[PDB]
Amino acid sequence: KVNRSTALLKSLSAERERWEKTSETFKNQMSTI
């Protein structure tokens, strides 16, 4: 279904941005160990 795929694309884009943020915070914790 088209709505199904569109919702998946939106949620995976949000997840991609979230995981970029998560990698940034992991590097920040890396800098302070």
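Residues numbered from 1 in each chain as written, not as in the entry; some residues may be left out. Part of a larger assembly, values for the part shown. Heavy atoms only, no water.

1. With respect to the overall build of the chain
So, point 1. When helices and strands are counted, the chain shows 1 helix and 0 strands.
So, point 2. Each principal axis of the C-alpha distribution contributes one length, and for the chain these read about 45 × 10 × 5 Å.
So, point 3. Counting over 33 residues, the chain shows a buried share of 0%.
So, point 4. Accessible surface for the chain amounts to roughly 3,600 Å². Of this, 57% is attributable to carbon and sulfur atoms.
So, point 5. Across the chain, the centroid of the 7 positively charged side chains sits 9 Å from that of the 4 negatively charged ones. (Helix = DSSP H or I, 4+ residues; strand = E, 2+ residues; numbered from the N terminus. Buried < 20%, exposed > 50% of the residue type's maximum accessible area, 1.4 Å probe, protein only. Areas by Shrake-Rupley, 256 points an atom, 1.4 Å probe, with all protein chains shown as cover. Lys, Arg positive; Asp, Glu negative; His and termini not counted. Charge placed at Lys NZ, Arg CZ, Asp CG, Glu CD.)

2. Points about helix α1 (residues 2-31)
So, point 1. Look at α1: 44 Å from first C-alpha to last across 30 residues, which is about the 44 Å you get at 1.5 Å a residue.
So, point 2. Judged by how many residues are buried, α1 sits mostly at the surface: 0 of 30 residues are covered. (Expected span 1.5 Å × (residues − 1).)

3. Observations regarding the environment of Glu24
So, point 1. By secondary structure assignment, the location of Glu24 is in helix α1.
So, point 2. Taking the C-alpha atoms as reference, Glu24 lies 26 Å from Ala7; in sequence the two are 17 residues apart.

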